[PDB]
Structure formats: structure tokens, C-alpha cells
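The block underneath contains the structure these notes are about, expressed in C-alpha cells.
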Amino acid sequence: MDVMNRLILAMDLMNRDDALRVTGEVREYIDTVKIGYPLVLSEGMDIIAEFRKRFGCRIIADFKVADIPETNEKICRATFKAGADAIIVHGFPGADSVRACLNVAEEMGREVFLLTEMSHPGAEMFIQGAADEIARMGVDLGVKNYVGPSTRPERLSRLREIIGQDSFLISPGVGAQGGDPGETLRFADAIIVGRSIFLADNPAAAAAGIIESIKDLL
Amino acid sequence: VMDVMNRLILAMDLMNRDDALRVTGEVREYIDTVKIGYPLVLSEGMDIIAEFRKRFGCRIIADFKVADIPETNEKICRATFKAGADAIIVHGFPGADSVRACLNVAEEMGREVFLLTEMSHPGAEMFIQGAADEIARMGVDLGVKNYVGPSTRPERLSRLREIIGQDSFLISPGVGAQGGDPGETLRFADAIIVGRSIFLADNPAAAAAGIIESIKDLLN
Ligand SMILES: O=c1cc(O)n([C@@H]2O[C@H](COP(=O)(O)O)[C@@H](O)[C@H]2O)c(=O)[nH]1
Ligand SMILES: O=c1cc(O)n([C@@H]2O[C@H](COP(=O)(O)O)[C@@H](O)[C@H]2O)c(=O)[nH]1
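Residue numbers (the UniProt record's numbering), protein chains in the order written: chain R, 9 to 226; chain V, 8 to 227.
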């Protein structure tokens with residue numbers, strides 16, 4: 009996956025007008041948008057096709073899929089029918105649940121991203137202690153795309169160690185949650201950035217600023 | 008606690024609006040509580056919650072297994088309650104701050120959170136099972152009153168009932184298609200969740216009736 013400027017916009021505005029406007033203002037800087045449940049549940053799954061129509065960007069559906077295999081398969085189907093290129097899946101519910109997603113993605117020409125460790129403080133309670141094993145499970149299952157935390161660079165580095173340099177790794181928690189763009193890109197192929205861009209007075213300048221700060225990494 | 012008719016909650020995971028509406032309508036004499044998840048919501052939109060309310064008396068549990076950071080969890084809960092869901096199901100494994108975010112929105116909006124502890128499928132044994140007792144204890148500490156636990160592991164469902172106490176409300180999936188028994192499950196759970204055993208039956212009404220007949224002595 010070739011992410012322009014190694015920067016993925018997390019579009020978590022809940023109003024269609026704002027979401028389209030802000031994305032439009034930063035379109036010259038990005039070609040990959042992560043769309044999650046805040047926007048999809050507020051404006052519908054049709055928003056994905058609209059983004060493709062307007063921007064021709066790749067769409068990562070950040071749905072943190074975390075159900076039983078039967079349900080995971082249905083969620084993946086509905087998601088790819090809506091035009092998502094990839095979907096983010098939790099690893100914590102185990103191998104069979106991940107496999108269900110892998111199977112649908114294969115059938116529909118899409119990718120699964122496996123979320124191992126999360127970026128927020130609560131991740132320390134249960135997820136962190138399982139995260140390395142979740143990553144090894146990904147490797148065992150043939151997963152090639154991963155998500156890990158900008159907020160804990162040592163954990164992000166460990167994730168990179170486990171999955172190897174050939175796997176693709178994206179990382180949220182940059183900006184608002186305290187992660188540093190450049191440090192995160194020591195380990196991740198791409199950074200995910202939401203509020204630091206879309207809540208800015210001038211989202212274009214915000215994106216431009218981040219890119220300038222990592223210019224030697226591009 | 009919500010008063011679930013016949014201790015039976017329909018998991019409506021059909022992905023076609025017409026079929027989902029038809030089946031739910033057919034079982035309306037037996038069930039007043041419907042669990043709507045992402046298979047249907049991602050296929051037909053959040054307005055489907057509205058349409059169920061309009062068409063049927065039913066309470067709606069939004070089975071969204073909320074599993075994000077606190078900031079995003081808050082947004083998901085707000086959107087979900089705005090759409091008319093009575094309750095939302097939230098994963099506990101992402102930790103206390105993530106659960107608290109959902110509880111705070113539910114409090115502000117006058118709705119309810121259900122905390123998913125252990126899951127019913129085989130993969131649950133890999134990571135979730137080992138954390139499940141602590142996730143449940145965390146729920147109790149946070150003041151969670153409603154829980155979800157697995158029909159497929161009676162011993163685990165029993166332990167989870169112990170942890171949360173007799174006053175907490177507990178619902179349990181994995182009945183029927185996944186192998187759980189309705190009566191055995193209701194030893195510990197207040198209500199059972201049933202999906203495919205009902206909605207894939209030639210006669211969903213008859214299938215619901217049959218389940219209810221089998222647990223008739225356990226009704227209140
Ligand atoms: O561990 C994770 C995994 C995520 O997907 N995310 C997602 O990444 C985005 C981060 O947004 P922000 O840059 O505003 O903090 C949100 O959409 C969030 O749901 C995260 O923050 N931490
Ligand atoms: O541990 C769990 C938690 C669930 O919500 N579920 C949900 O309960 C329902 C079970 O449906 P069924 O009776 O067809 O197996 C599905 O909607 C599924 O997503 C589950 O099966 N196991």
C-alpha cells in the first residue's frame with residue numbers, strides 16, 4: 009500500500025458537510041482516509057462511495073471488528089460492499105474471528121489490518137499483555153497489515169520486530185494523544201492523524217506542518 | 008432492569024431490510040426485545056432502529072461491541088442513542104477508560120450500557136477468557152449493571168454471575184446454533200439471545216414458540 013506523505017487522515021467528524029469540507033481542504037496532502045463509526049453511524053455507509061467519488065482516495069474502514077466468526081464475516085461483507093478497501097479488525101477475540109475477516113477480504117479483493125495494541129491508557133489493563141502474542145498470531149495467519157500505538161514507541165518498535173520489515177504497519181495516537189509524527193515513522197509505514205488536523209483552525213496548514221516535520225522521512 | 012418478555016431476545020442478523028422486518032414481525036407475540044447489530048445496521052442504516060420502533064413495540068439493544076479509545080467510544084454511543092437504541096453493548100477488554108466513556112454518555116442520555124465479558128466462540132479461549140473475570144470485576148467497580156456472557160461455557164457463565172451478583176442483569180448468546188441450551192443458560196442468565204435458530208427457521212414464530220415451551224417453567 010502506497011500512502012501519500014505517509015499520512016492517513018482519521019475522519020471522525022460526524023457531520024457530512026464538515027467531513028467533506030475538511031477532507032477537501034487537505035486533499036492535496038493525502039490519498040488515504042480512515043473512516044470509522046463516528047462518521048458512518050451518523051451519515052450512513054453511503055459516505056464511503058461519496059468519498060471515493062469526490063476524492064478518489066483509498067478508504068480504510070476502521071470498524072475494530074470484534075465479534076464471533078459468523079458475525080465478523082457479515083460485517084466484512086457489508087463493509088466491502090460499501091466500497092472500503094480495507095478493514096481494521098481486533099485481534100483480542102482470537103484466531104477464528106480474524107480468519108473470518110481474512111476470508112471475506114480475499115473474496116472481495118481487500119485487505120485486513122490487525123489491531124494488536126491500542127494507544128489509550130486503558131490498553132494497559134488487558135490488551136498490552138496479550139499484544140505480542142496477538143501479533144505472532146497475525147504472522148501465523150498470514151496477516152500482512154497491522155495497527156499499533158504511537159503513544160508507546162517501544163511497543164510500536166516491538167510490534168515492528170515481530171511482524172518484520174515486509175509487513176505494513178500504521179499507527180494512531182499522533183498529535184492529540186501525544187505521539188510524535190517523526191518518532192512513530194521510525195517504525196510505522198504511515199501515521200494516522202485525526203483531531204490535530206480536523207479540529208485545527210486551518211486543517212490544510214495543520215497537515216502541511218506535520219508533513220514539513222517529517223519531510224526527511226518522505 | 009428491562010423486563011424482557013419470555014426471557015428471550017432476538018438477535019436479528021439478517022442483512023436484508025424486508026426479511027429482517029418480516030421475521031421480527033412474525034415473532035412479535037413472543038419477543039419484545041431485539042438485538043440489532045452491525046450486519047443489519049451496516050446494510051440498511053441506523054434508520055433501521057427507527058423502523059423497528061415504528062413497526063414493533065420492541066426495545067432495541069444495539070450490539071456494536073464498542074471497542075475503541077474513550078474519545079471514539081463517546082461518539083459511537085452518542086450516535087447510537089440519538090438513533091433510538093435503548094442500550095448498547097460495549098467490550099470490556101479495551102479497559103476501564105473506554106468503558107467509562109460509554110457509561111458517561113449513557114448516563115447523560117438516559118440509556119444503558121451492557122458490558123461484554125467473555126465471548127461464546129472458540130477463539131474466546133485465546134485471550135478473552137483469561138481476562139474475563141477481571142473484566143467483570145472491573146465492570147462491577149465501574150457501576151455497570153448489565154452484562155453479556157457465553158451460553159456455550161456454563162461454568163464460565165456461572166462464575167460471571169457470581170462476580171456480578173444476583174442484582175445485575177445478564178444476557179447470554181450462543182444458544183441454539185452455537186450449541187448452548189436455553190434452559191441450562193437461564194440457570195444463570197436473566198435472558199437468552201437467540202439468532203439463527205429463530206431467523207433461519209422455516210417458521211420463526213414456531214421456532215420461538217418451541218424455545219419458549221421448553222423453558223415454560225422458568226418464566227416469571
Ligand atoms: O489504538 C488505537 C486504534 C485506533 O484505530 N485509533 C483511532 O485512531 C484515530 C485517532 O484520532 P486522533 O488523531 O484524533 O487521536 C481515531 O479514529 C481512533 O478511533 C486510536 O486512536 N487508537
Ligand atoms: O459472545 C458473544 C457475543 C455476542 O454478542 N454474540 C452475538 O449473538 C448472536 C448469536 O447469534 P446465533 O444465535 O445465530 O448464534 C450474534 O448476533 C452474535 O454476534 C455471540 O454470538 N457471542
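Yeah, the Cβ is synthetic: ideal placement off N, Cα and C, and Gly gets one too.
Asked: C-alpha gap between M9 of chain V and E220 of chain V, whole angstroms; Found: 22 angstroms
Asked: Listed by chain order, chain R residues near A196 of chain V by CB distance under 7 angstroms; Found: Under the 7 angstroms cutoff, chain R gives no residues; its nearest Cβ is about 17 angstroms from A196 of chain V.
Asked: Unbroken beta strand (DSSP E) run spanning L123 of chain V, endpoints; Found: 119 to 123
Asked: Supposed contact pair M53 of chain R and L49 of chain V - C-beta distance, whole angstroms, cut 8 angstroms; Found: 6 angstroms
Asked: Residues within the stretch 11 to 44 of chain R neighbouring chain V, beta-carbon criterion of under 7 angstroms; Found: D20, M22, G44
Asked: Cut-off 6 angstroms between Cβ atoms - residues of its own chain near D39 of chain V, not counting five sequence neighbours on either side; Found: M12, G64, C65
Asked: Min CB distance residue 2 of chain V to chain R below 8 angstroms; Found: Outside the modelled stretch of chain V, which goes from 8 to 227, sits residue 2 of chain V, for which no answer is possible.
Asked: Straight-line gap, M22 of chain R to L28 of chain R (C-alpha atoms, nearest Å); Found: 10 angstroms
Asked: Expected contact under 8 angstroms - CB spacing of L225 of chain R and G190 of chain R to nearest Å; Found: 6 angstroms
Asked: Within-8 angstroms CB hit, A92 of chain V to chain R; Found: no
Asked: Cβ contact check for the stretch 117 to 134 of chain V and the stretch 152 to 161 of chain V: 3 or more pairs under 8 angstroms; Found: yes
Asked: Residue-level contact to chain V via CB, residue 5 of chain R, 8 angstroms cutoff; Found: What the structure shows of chain R is the stretch from 9 to 226, and residue 5 of chain R is not part of that stretch, so it cannot be assessed.
Asked: Distance between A57 of chain R and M116 of chain R (C-alpha atoms, nearest Å); Found: 16 angstroms
Asked: Every unbroken beta strand (DSSP E) inside the stretch 154 to 202 of chain V [3 residues or more]; Found: 176 to 179, 198 to 201
Asked: Identity of the residue in V:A208, V:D197, V:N210 nearest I222 of chain V by Cα; Found: V:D197
Asked: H128 of chain V Cβ short of 7 angstroms to ligand 2 heavy atom set; Found: yes
Asked: Contacts that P211 of chain V makes with chain R (C-beta to C-beta distance below 9 angstroms); Found: Result: empty, since nearest Cβ-Cβ is about 18 angstroms, beyond 9 angstroms.
Asked: Amino acids of chain V, ordered along the chain, whose beta-carbon sits closer than 7 angstroms to that of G130 of chain R; Found: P101, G102, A103, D104, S105
Asked: C-alpha distance - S204 of chain V paired with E36 of chain R, whole-angstrom precision; Found: 51 angstroms
Asked: Integer-rounded CB distance, given that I95 of chain R should sit under 8 angstroms from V73 of chain R; Found: 6 angstroms
Asked: Pair within 8 angstroms by beta-carbon distance, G99 of chain V and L123 of chain V; Found: yes
Asked: Neighbourhood of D70 of chain V by C-beta distance below 6 angstroms, restricted to the same chain and skipping five residues each side; Found: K42, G44, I96
Asked: Straight-line Cα distance separating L177 of chain V from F195 of chain V; Found: 8 angstroms
Asked: Nearest candidate by alpha-carbon position, reference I68 of chain V, set V:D93, V:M126, V:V106, V:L15; Found: V:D93
Asked: Chain R within 8 angstroms of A208 of chain V, Cβ atoms only; Found: no
Asked: Cβ-Cβ distance between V34 of chain V and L17 of chain V below 8 angstroms; Found: yes
Asked: Within-8 angstroms CB hit, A143 of chain R to chain V; Found: no
Asked: Under 8 angstroms by beta carbon: chain V residues contacting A57 of chain R; Found: The premise fails here: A57 of chain R is roughly 13 angstroms from chain V at the closest Cβ pair, so nothing lies under 8 angstroms.
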